[PDB]
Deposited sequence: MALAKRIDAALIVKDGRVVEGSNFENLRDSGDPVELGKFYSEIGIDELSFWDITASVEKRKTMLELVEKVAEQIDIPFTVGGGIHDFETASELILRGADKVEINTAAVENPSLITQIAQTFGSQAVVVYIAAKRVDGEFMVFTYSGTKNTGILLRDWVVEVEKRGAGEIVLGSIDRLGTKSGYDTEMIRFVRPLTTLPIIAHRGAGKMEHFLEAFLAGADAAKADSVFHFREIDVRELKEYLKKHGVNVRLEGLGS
């Protein structure tokens, strides 16, 4: 098999973890590099960093990927406000395994192609934020707030065609919610693409992850459930492996 992956997402701003973590065993529980590193040691397969720095942003983001590339041994993705090829190229550049684009991809899909052909499809992740609108899955930009009018089913196909290597599927309705991943959305998207699917939004308990993997997800991304210690990563992996999921352990 293919191993299923568990991803920790970190939101960062000015080199800090926005809202920190409860890993007080750490020297600075709000340091993304030390927190990233610590997750890699306890059983997280990949890391994700989303930057919301002010402009200050480029230097901040470059310093982040430099310090992470040097310290951590697992794959990592860096996003966003990465609006052009040059910024993307430079971050990959500086040590990021992948760049994640969302609003930029929708507004410039050719941006997927450009990074893909210079660095390979494996270097490009497109975050799709989607929401049911009148019985239809629609793609949304600007953190889930702007209805683009594009069907999920069409963007998924287009994203693939342009050469993305992987897709985050984030259920806007589940933002903040704790009651499971949107497995019906996962199951909708699964037969449309052979790209890897990373589920995002909704995780509350270990069983949620088993459900998303049944749904066809190749990876499951979570953040605050991990940071706040609601779910222990080791315990999550031992639970998945006990119920037949092919996880890293």
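Participant: Give me the ranges of the deposited sequence that have no CA atoms here, in sequence order.
Facilitator: Those stretches are 1, 56, 252-256, listed in order.
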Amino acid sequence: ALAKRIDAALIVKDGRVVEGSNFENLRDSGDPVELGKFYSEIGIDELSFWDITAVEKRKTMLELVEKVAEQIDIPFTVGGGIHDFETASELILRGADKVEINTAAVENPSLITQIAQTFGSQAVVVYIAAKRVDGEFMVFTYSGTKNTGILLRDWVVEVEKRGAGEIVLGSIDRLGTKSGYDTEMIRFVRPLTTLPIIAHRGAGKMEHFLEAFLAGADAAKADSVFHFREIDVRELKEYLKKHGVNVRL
From here on, numbers count along this sequence of modelled residues.
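Participant: Look up the CA B-factors in the entry and say which stretch, 124-132 or 172-180, has the higher mean.
Facilitator: Here the higher of the two C-alpha B-factor means belongs to 172-180.
Participant: Quick one: higher average CA temperature factor, 59-67 or 216-224?
Facilitator: For C-alpha atoms only, the mean B-factor is higher in 59-67.
Participant: For the C-alpha B-factor as written in the entry, point me to the maximum among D97, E166, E86, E100.
Facilitator: Top of the list by C-alpha B-factor: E86.
Participant: Rank-wise, by C-alpha B-factor, drop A3 into the lowest, middle or highest third of its chain.
Facilitator: Middle third.
Participant: How does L192 rank on Cα B-factor within its chain, lowest, middle or highest third?
Facilitator: As the PDB entry reports it, the C-alpha B-factor of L192 lands in the middle third of its chain.
Participant: Using only modelled residues of the chain, where does the Cα B factor of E230 rank: lowest third, middle third or highest third?
Facilitator: For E230, the deposited C-alpha B-factor lands in the middle third.
Participant: Looking at the entry's B-factor column for C-alpha atoms only, identify whether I11 ranks in the lowest, middle or highest third of its chain.
Facilitator: Answer is middle: the recorded C-alpha B-factor places it there.
Participant: Mind checking which third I186 falls in for C-alpha B-factor across the chain?
Facilitator: According to the entry, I186 has a C-alpha B-factor in the chain's lowest third.
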